[PDB]
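So you know, we letter chains A, B, ... as the sequences are listed, proteins then strands, and number each from 1. FYI, side chains are in, hydrogens and waters are out, and symmetry mates aren't considered; it's all heavy atoms of this structure.
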There are 2 protein chains.
Amino acid sequence: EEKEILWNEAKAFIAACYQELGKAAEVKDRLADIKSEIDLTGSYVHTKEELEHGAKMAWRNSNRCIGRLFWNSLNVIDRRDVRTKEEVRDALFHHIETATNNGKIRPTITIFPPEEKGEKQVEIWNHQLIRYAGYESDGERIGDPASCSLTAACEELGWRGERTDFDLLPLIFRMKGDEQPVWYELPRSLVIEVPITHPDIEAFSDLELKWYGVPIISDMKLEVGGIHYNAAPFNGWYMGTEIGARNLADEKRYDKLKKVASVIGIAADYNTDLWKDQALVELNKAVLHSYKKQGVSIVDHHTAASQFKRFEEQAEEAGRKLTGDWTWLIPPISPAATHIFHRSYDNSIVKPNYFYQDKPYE
Amino acid sequence: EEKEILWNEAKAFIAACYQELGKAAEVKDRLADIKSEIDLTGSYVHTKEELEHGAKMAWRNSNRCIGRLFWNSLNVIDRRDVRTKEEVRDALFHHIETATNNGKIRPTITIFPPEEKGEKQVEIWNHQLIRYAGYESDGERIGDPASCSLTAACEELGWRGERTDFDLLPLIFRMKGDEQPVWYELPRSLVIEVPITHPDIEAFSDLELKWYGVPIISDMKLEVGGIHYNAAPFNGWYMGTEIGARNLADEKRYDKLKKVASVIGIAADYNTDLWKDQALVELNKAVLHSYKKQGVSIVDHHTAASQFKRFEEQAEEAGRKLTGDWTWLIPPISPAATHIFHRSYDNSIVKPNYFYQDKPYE
Ligand code: HEM
Ligand code: HEM
Ligand SMILES: CN(C)Cc1cccc(NCc2ccc3ccc(N)nc3c2)c1
Ligand SMILES: CN(C)Cc1cccc(NCc2ccc3ccc(N)nc3c2)c1
Ligand SMILES: C[C@H](O)[C@H](O)[C@H]1CNc2nc(N)[nH]c(=O)c2N1
Ligand SMILES: C[C@H](O)[C@H](O)[C@H]1CNc2nc(N)[nH]c(=O)c2N1
Ligand SMILES: [Cl-]
Ligand SMILES: [Cl-]
């Protein structure tokens with residue numbers, strides 16, 4: 001059963017992959033070797049070209065991603081050679097450095113050894129390589145509430161945050177054969193942060209808001225032709241609304257809209273004043289302005305939507321079915337001002353793709 | 001087959017309806033009479049209580065409606081007695097008057113005779129009883145483009161618009177037995193209009209924007225226990241975003257965002273300035289302010305969402321399944337600032353309900 005699913009996913013992937021690479025004639029022989037390799041070993045190993053292209057296809061198939069136009073320029077780092085926690089750590093440090101690229105963000109994925117018998121070689125606990133801790137204790141809310149459980153897990157392992165609203169969580173991952181994960185503090189020189197200012201409201205800096213430059217999702221599983229890369233952190237650059245409309249605005253996150261309303265000089269008393277909507281816009285303008293000012297890559301949601309339209313058009317020209325999750329593709333501000341809002345999308349799941357997996361903590 | 005579907009829908013409706021009315025014991029006898037009435041006549045007639053409650057249930061089941069909290073206070077006007085186009089016209093004029101209620105809008109439905117053999121007694125052509133005409137001719141865009149086809153249909157019947165951006169379309173409907181519909185100009189004294197001004201931007205009036213007070217959907221079919229009320233115009237009051245974020249903002253409607261950006265003193269050159277988002281907010285503030293200032297009922301989307309949350313809670317307390325269309329329930333501005341955005345809904349279709357039907361024109 002195991003070696004049957006694998007073989008089926010493998011046949012489908014290699015055919016489609018090699019077809020796109022213009023290697024359709026090499027399929028039959030590559031499929032022969034794979035069939036033999038599965039029978040004998042219970043698995044198979046991707047060539048560098050397959051792995052690289054598989055990661056790109058997986059991005060292209062991510063229904064919830066608005067940034068998919070640039071799927072083919074993904075920078076793929078092959079780290080299937082890693083065997084030690086020192087190597088994992090340095091691969092993670094390197095990923096951060098090369099993706100950040102002094103602010104000129106390179107979309108990048110580092111790929112670690114895949115599961116074998118469903119047994120993980122490396123198990124990364126971070127949701128993102130760079131994220132802020134969160135504390136909920138006795139009425140005191142500090143930091144990012146989304147990070148409360150992971151934070152408490154780290155602190156259970158000997159780490160201690162300074163309890164500012166922006167403590168950088170340590171990298172934390174577990175190697176096959178260890179009962180506990182290990183954790184390593186992040187070198188500050190590797191992490192770019194953007195203080196949030198407003199282009200024309202000077203008081204906005206009184207909020208003392210900031211965010212990190214690069215969102216590096218590190219807890220999703222990459223699936224390519226039956227092979228499960230459970231550890232494969234990837235990053236793009238932020239769309240402004242992710243920070244301005246959700247991370248800093250959600251009541252269950254940093255919940256900053258009342259303070260934004262105050263510094264921008266408007267009352268926050270009446271729903272009919274639309275003070276939340278107005279606060280949202282100024283905060284989102286502030287986020288875009290601040291990232292641009294520091295030279296850190298970011299895209300506004302209109303530009304991103306225009307890009308996604310091109311992705312839609314390219315999909316049709318290439319004869320590929322387009323798949324998408326309308327509920328995630330629409331931006332959380334002014335969605336009706338994008339074309340996305342006014343059409344529908346097929347939410348079917350196509351592989352290769354990125355998937356959720358269970359949290360080891362919690 | 002016909003008298004079978006009818007009987008089945010009837011059994012389900014009467015049971016549920018009488019149960020909610022506390023008349024569960026009268027069910028068996030009422031069901032007996034209905035069964036006899038169907039066999040002999042090919043149909044059956046709702047009592048006033050059934051019709052009234054059916055219309056309320058249909059509102060309650062409208063997955064796309066955020067205003068459903070007030071389902072039980074719907075004012076139901078029974079006009080199944082109408083036989084002439086003069087009576088239809090006066091019933092439509094009356095509906096407008098009583099729903100408007102000097103600005104203190106009463107949610108209201110006027111119910112006309114139902115289809116018999118699928119044959120319509122009355123066929124209303126308007127999408128809303130009060131709407132603006134639209135003209136598309138030789139580069140010239142005038143009025144509401146959503147009304148272009150109906151407008152051209154009216155003008156094909158002898159009506160002529162003045163070709164302002166806000167020509168009121170005539171009422172237009174067809175009686176069973178006539179090849180053509182008839183049309184009647186709307187008395188201006190019956191129609192409340194709201195000039196759009198801004199609470200603190202005086203130049204906003206230079207736009208010369210306005211809208212009508214009461215949205216009265218007149219082209220949907222009401223289905224109650226197998227009986228098809230194809231003509232049953234209903235109204236609530238507007239949610240501000242319907243006017244500010246869609247009717248006046250959509251590129252395929254009045255497309256006013258550039259002119260809004262100009263009068264509010266901001267540039268409309270860069271996506272990163274979020275000028276559309278900012279323009280949207282000021283226009284939507286202007287809409288709410290203007291309706292409030294004239295004493296015409298309106299609800300902002302935050303208040304409406306809070307009300308819908310209560311509807312959700314009442315549904316659970318009453319033991320009723322909740323159904324909803326997430327894609328329509330989320331407001332087109334700041335959707336993430338509402339609870340609706342952060343939960344999901346079952347989009348199943350429950351009857352009684354309101355349904356689309358084919359346009360006789362176009
Ligand atoms: C290049 C810049 C990129 C931008 C601007 C972008 C934009 C976005 C946004 C806005 C979301 C929604 C996230 C949320 O609502 O929290 C998203 C989701 C997603 N993106 Fe991208 N993205 C980019 C690059 C990438 C890359 C490089 C990958 C992987 C190779 C990727 C895969 C995904 C996936 C898998 C999701 C959905 C995650 C989930 O279901 O939770 N994206 N993207
Ligand atoms: C009391 C005030 C009401 C408010 C504020 C309200 C609000 C809304 C809104 C905002 C929509 C979405 C419309 C759009 O996006 O264009 C909607 C849809 C709808 N509402 Fe309501 N509504 C109200 C009363 C009513 C009443 C009285 C009925 C009927 C008895 C009704 C039935 C519906 C239906 C059927 C739809 C969906 C129509 C479609 O699919 O095109 N609503 N409502
Ligand atoms: C934590 N998950 C189980 C749920 C969840 C909640 C909130 C956000 C996400 N994914 C965010 C996400 C994922 C991939 C991204 C890629 C690029 C980018 N700019 N943002 C991205 C953002 C996922
Ligand atoms: C014209 N239809 C085929 C599609 C369509 C497009 C745009 C809007 C609608 N329905 C709008 C609608 C329907 C019922 C409403 C009830 C109350 C209210 N305030 N707005 C309401 C608005 C329907
Ligand atoms: C329940 C709700 O549909 C769901 O949580 C979604 C809605 N759309 C979203 N869209 C984005 N981009 N991100 C999110 O976290 C969500 N939340
Ligand atoms: C295609 C798209 O999903 C669809 O046209 C919907 C989206 N959500 C909407 N929501 C509302 N309230 N009104 C609309 O007309 C639409 N359009
Ligand atoms: Cl994030
Ligand atoms: Cl409308």
### Query
Side-chain donor-acceptor pair under 3.5 Å between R246(A) and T241(A), yes or no?
no
### Task
Please step through side chain to side chain donor-acceptor pair (under 3.5 Å) for the pair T323(A) and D346(A), ending with a clear verdict.
CA-CA 5 Å; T323(A) 60; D346(A) 174 24; over 6 Å; no
### Task
Over 60° means perpendicular and under 30° means parallel, so classify the ring planes of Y212(A) and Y132(A), tilted if in between.
perpendicular
### Task
Using atom types as modelled and distance alone, determine if a side-chain donor or acceptor of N61(A) lies under 3.5 Å from a backbone N or O of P352(A).
yes
### Task
Return yes if a side-chain donor-acceptor contact under 3.5 Å exists between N235(A) and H95(A), otherwise no.
yes
### Message
Can you tell me which residue among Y356(A), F355(A), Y229(A) is in a side-chain contact (heavy atoms from CB on, under 4.5 Å) with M220(A)?
### Response
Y356(A)
### Task
Answer yes or no: is there an ion pair linking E312(A) with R320(A), defined by an N-O contact shorter than 4.0 Å?
no
#### Entry: Basic-acidic side-chain contact under 4.0 Å: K285(A), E282(A)
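Result for this pair is yes, salt bridge flagged.
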### Query
Strictly by modelled atom types, are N75(A) and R106(A) linked by a side-chain donor-acceptor pair under 3.5 Å?
no
### Message
The criterion is salt bridge (charged side-chain N to carboxylate O under 4.0 Å, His left out); which residues satisfy it with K359(A), sequence neighbours excluded?
### Response
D219(A)
### Query
Would you call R79(A)-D81(A) a salt bridge at under 4.0 Å N-O?
yes
### Name of the residue among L92(A), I109(A), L129(A) meeting side-chain contact (heavy atoms from CB on, under 4.5 Å) with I216(A)
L129(A)
### Among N271(A), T272(A), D277(A), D273(A), the one residue meeting side-chain hydrogen bond (donor to acceptor under 3.5 Å, both in side chains) with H302(B)
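Answer to the side-chain hydrogen bond (donor to acceptor under 3.5 Å, both in side chains) test with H302(B) among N271(A), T272(A), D277(A), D273(A): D277(A).
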### Query
So, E115(A) and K221(A), do they make that salt bridge, N to O below 4.0 Å?
yes
### Task
Before accepting this row, confirm whether a basic side-chain N of the pair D78(A)/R80(A) lies closer than 4.0 Å to the acidic partner's carboxylate O.
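Result for this pair is yes, salt bridge flagged.
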### Query
Can a salt bridge be assigned to the pair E52(A) and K56(A) using a cut-off of 4.0 Å between side-chain N and carboxylate O?
yes
### Query
Got a second to check how far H301(A)'s NE2 is from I330(A)'s CD1, nearest 0.5 Å?
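Going from the NE2 atom of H301(A) to the CD1 atom of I330(A) covers 11.5 Å.
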### Query
If you draw a 6.0 Å radius around CG in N102(A), do more than 12 non-hydrogen atoms from other residues or ligands fall strictly inside?
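No, the 6.0 Å shell around CG holds no more than 12 heavy atoms from other groups.
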### Task
Could you name each residue pair satisfying ring pair (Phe, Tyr, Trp, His ring centres under 6.0 Å) that touches residues 245-269 of chain A, not counting sequence neighbours?
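Sorted pair list: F166(A)-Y254(A), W211(A)-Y254(A).
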